[PDB]
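Let me give you the complex in parts, starting here:
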Amino acid sequence: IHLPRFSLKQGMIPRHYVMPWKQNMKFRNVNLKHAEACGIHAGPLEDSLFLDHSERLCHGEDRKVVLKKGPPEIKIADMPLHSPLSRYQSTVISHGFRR
Amino acid sequence: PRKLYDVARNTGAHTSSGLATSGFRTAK
């Protein structure tokens, strides 16, 4: 009944990338018990996080914990003169002039 | 002279010539 449920095909996504914690023979059983406790996946069948230029989207972390992760989005105000994003100040300047 | 430029075409140390100046030419 269940079929693989992938995402939109983008660039910058490998044709085949598996999480390196599944292929580790040392530190294997502790990883499997951790995955069972977290309830992610322990089976071998759908074990490709990135396939056919798309995300697996099926056997992960319920698709809401993944999105609600990391720091929140930053207000687009100005880049300081050391940030790597300071090359793109010229578009932020134009967007501030637009309003 | 167009006779000179045909005799001098095949002059050298390891060059075979069949043309002859003022006479019959070889059959090969």
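Good, I have the coordinates. Residues are numbered from 1 along each chain as shown, chains lettered A, B, ... in the order given.

wouldn't residue A:8 be in contact with residue A:57 here?
No - the criterion here is C-beta atoms under 8 Å, and residue A:8 misses it with residue A:57 at 9.8 Å. In this view, the C-beta of every residue, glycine as well, is placed from N, C-alpha and C.

wait, what's in contact with the nearest residue to residue A:54 once chain neighbours are set aside?
Closest residue to residue A:54 apart from its sequence neighbours, by C-beta to C-beta, 6 or more residues apart in numbering or on different chains: residue A:6 at 4.2 Å. Going by C-beta atoms under 8 Å, 6 or more residues apart in numbering or on different chains, residue A:6 touches A:51-52, A:54-58.

Mind putting those into CSV with secondary structure, distance to residue A:16 and neighbour count?
Converted to CSV, the contacts of residue A:6 look like this (DSSP: H, G, I helix; E, B strand; the rest coil; distance: C-beta to C-beta, whole Å; neighbours: other C-beta atoms under 10 Å in any protein chain shown):
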residue, secondary structure, distance to residue A:16, neighbour count
A:51, strand, 6, 18
A:52, coil, 9, 12
A:54, strand, 11, 15
A:55, strand, 13, 19
A:56, coil, 11, 20
A:57, coil, 16, 14
A:58, coil, 16, 14
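
Spatially, which two of these are the most separated?
A:52 and A:58 (13.4 Å; C-beta to C-beta).

Chain C should go on the structure too:
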Amino acid sequence: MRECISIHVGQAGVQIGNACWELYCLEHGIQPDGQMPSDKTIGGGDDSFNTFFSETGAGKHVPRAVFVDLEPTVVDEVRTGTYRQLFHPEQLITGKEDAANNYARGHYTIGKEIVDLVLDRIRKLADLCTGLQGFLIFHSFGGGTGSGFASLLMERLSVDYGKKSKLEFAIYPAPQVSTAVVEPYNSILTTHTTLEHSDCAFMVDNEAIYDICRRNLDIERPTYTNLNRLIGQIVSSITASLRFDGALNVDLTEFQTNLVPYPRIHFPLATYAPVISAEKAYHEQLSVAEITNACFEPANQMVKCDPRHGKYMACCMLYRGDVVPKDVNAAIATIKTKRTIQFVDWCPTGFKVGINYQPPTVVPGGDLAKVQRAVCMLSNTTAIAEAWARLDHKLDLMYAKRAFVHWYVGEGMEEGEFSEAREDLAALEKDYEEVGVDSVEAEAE
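Adding chain C to what we have so far:
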């Protein structure tokens, strides 16, 4: 053992064959009289001509072709030309009056009195063949006998010869350049035959070959002969594995196996890779990566469509000359990296390769340079729908006020042909967009 019977219908078919068979007579050692001076071939096994040629009782070679036209003004050129003694006199069928750009005439009135002789000649040609791979039909859509009589010929051939393979190399009406007014009617009404009674239909735009000739070659103001040479090179490349030796030979059945995903999807796209003049081959080399990347460009395509907007469903690469499979593998691994060539989701491999060791043969007074390598991409794309979308608009514009239908209905055709053909083309459009939709979810938020 590997025969192939060519059928050339119409003026476009005959003039295409006049270059195709000169190319075939030059690839093998065939003089225009019909002689083979030397039995040994530089790349084959002393019977390589059996795909196209047959022996007679006088040490002569005769092509396995039937030239059909409803008027003799172009077939008598073959009967009086340089290859007058090469062809059997019966192998060049002719009619009395042409259909005069009318599908109805060539399908119902004029074509009924000449179809029996053509089927008789096809039967006597296929009698000699013991290993007949398939047919190769050459016609054009914008005509009366290339669109009307070819339809009747394919309808009778399908019921006569069963599930034997057949291929057509048709000429499609260009988006902007046309030589006829009533051309969209004939081009619409012949879609049912190339959809139903076909195995792999090829569509060729004259305009796209015009851009290829003016841009890649240094030929400004080309004619139909320079257009026909390229089509001859392509049909030579699609059949070169049935004659000559190579690393990875591919027959015409592996073609439809690795190219046709569904029986109603048999419209791939043709492009020839190293189409350059002798002027510009002096500077650049012709490596496998160069002529694999150049095949994917929209300008190099032989129809006026943009493959970037569509997605590839299958791809068949046919290689000629100095080609070792390592180079093909490297080129394919290169072209899988880039974002531009986007494949469909249900085809993870999407490539079929074929390698032959013979470089393509040039003709005297030809346009293309003599090269070491040649590729002929033959791939189906969802980007072929933007020709049917352009044709349906013209048919709807003409038929909405019922312009030229009086020349058709009074010639035996029931007037409901146009509506049914338009509905068929609409169903084809919907089917071609049904196989292109990604079976994935559009993220969230």
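
Once more for the contacts of residue A:6, now including chain C?
Counted by C-beta under 8 Å, 6+ apart, residue A:6 has contacts A:51-52, A:54-58, C:345, C:440-441.

tell me, how many neighbours does residue C:278 end up with?
15 (other C-beta atoms under 10 Å in any protein chain shown).

Chain neighbours aside, what residue packs nearest to residue A:56?
Nearest residue to residue A:56, sequence neighbours excluded (C-beta to C-beta, 6+ apart): residue A:49, at 5.0 Å.

An error on my part: the question was meant for residue C:202.
Nearest to residue C:202 is residue C:169, by C-beta to C-beta, 6+ apart, at 4.6 Å.

and the gap between that neighbour and chain A?
33 Å (C-beta to the nearest C-beta, to the nearest Å).

just residue C:218 next, same as before
The value you get for residue C:218 to chain A, if C-beta to the nearest C-beta is used, is 37 Å.

do the same with residue C:293
Distance from residue C:293 to chain A, by C-beta to the nearest C-beta: 18 Å.

ok, that residue - contacts?
Neighbouring residues of residue C:293 by C-beta under 8 Å, 6+ apart: C:331, C:334-335.

ChimeraX command to pick out the buried ones of these?
Burial among the contacts of residue C:293 is assessed by 16 or more other C-beta atoms under 10 Å in any protein chain shown; the matching ChimeraX selection reads:
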select /C:331,335
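
check contacts around the closest residue in space to residue A:88 that isn't next to it in sequence.
Distances taken as C-beta to C-beta, 6+ apart put residue A:79 closest to residue A:88, at 7.3 Å, once the chain neighbours are dropped. Listed by C-beta under 8 Å, 6+ apart, the contact partners of residue A:79 are A:85-86, A:88-89, A:92.

Also put chain D in, sequence below:
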Amino acid sequence: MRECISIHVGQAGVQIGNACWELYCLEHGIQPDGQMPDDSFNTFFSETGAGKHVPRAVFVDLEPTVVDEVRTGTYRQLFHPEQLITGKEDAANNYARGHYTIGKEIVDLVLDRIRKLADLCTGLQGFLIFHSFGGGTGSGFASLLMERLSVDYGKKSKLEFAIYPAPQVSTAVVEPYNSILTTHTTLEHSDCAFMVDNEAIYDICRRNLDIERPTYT
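Take a look at chain D, now in place beside the chains above:
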């Protein structure tokens, strides 16, 4: 595997690249007709399996009078016949023209030839773009070319050798507009920008070199 594609846009770019490629041909073993009369040439020159070396450059200009001298004179044999891209009209000292109206129908050909040059590249270090701020195609089409080069290739380094407008002398009147408008775009699409000035080179040629009355060459 250490290759550097050069791009020359405009009259200033072409007249700089002529001297540049003369020096490049003399420095390596490359004859003016592309022949040989030891792998140092592979950065700038490509290889064909017949003894012919092809430069890794594009000469792009909208007016035809500057590039047609290249495909007529001595080094006409060296360059590929297509690598000299040429338009019909010019940008006419207008950044707006060469950036929005005339430069739009030319940029596809230049992008295609840049892609075909990069297909020969396996170790592409970066680009070298030569143009001038005071012109129309040297400011409009150069900005658009780098602006789509960044989306074509990404973080690959593109180096600039731009003829900045001189303080005292000038060849045009409208050049502050072009020089204002192109530095709004050569800020986010240029990793480096080596600046040169014409009158400083005039003073250098007058004082350090013996040459009074110096041409552009």
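
ok chain D is loaded, check the contacts of residue C:293 again?
Listed by C-beta under 8 Å, 6+ apart, the contact set of residue C:293 reads C:331, C:334-335, D:115-116, D:119.

give me that answer again for 10 Å
For residue C:293, the contacting residues are C:273, C:287, C:300, C:331, C:334-335, C:338, C:341, D:115-116, D:119, by C-beta atoms under 10 Å, 6 or more residues apart in numbering or on different chains.

for residue A:18, same thing?
For residue A:18, the contacting residues are A:47-51, A:56, by C-beta under 10 Å, 6+ apart.

Closest one to residue A:72 out of those, please.
Closest approach to residue A:72 among these (C-beta to C-beta): residue A:49, at 24.4 Å.

That closest one contacts residue A:59, correct?
Yes - counting by C-beta atoms under 10 Å, residue A:59 is a contact partner of residue A:49 at 8.8 Å.

Which stretches in the stretch 51-200 of chain C count as helices?
Taking DSSP state H, counting those that start in this stretch as the criterion, the stretch 51-200 of chain C carries its helices at C:75-80, C:103-104, C:115-128, C:150-161, C:183-189, C:191-196.

Correction: the previous question concerned chain A.
A:29-38, A:89-98 (DSSP state H).

Pull out the buried residues from the last one.
It stands for helix A:89-98. For helix A:89-98, by 16+ other C-beta under 10 Å, it's A:89-90.

Around residue A:12, how many other residues sit close by?
With other C-beta under 10 Å as criterion, residue A:12 counts 6.
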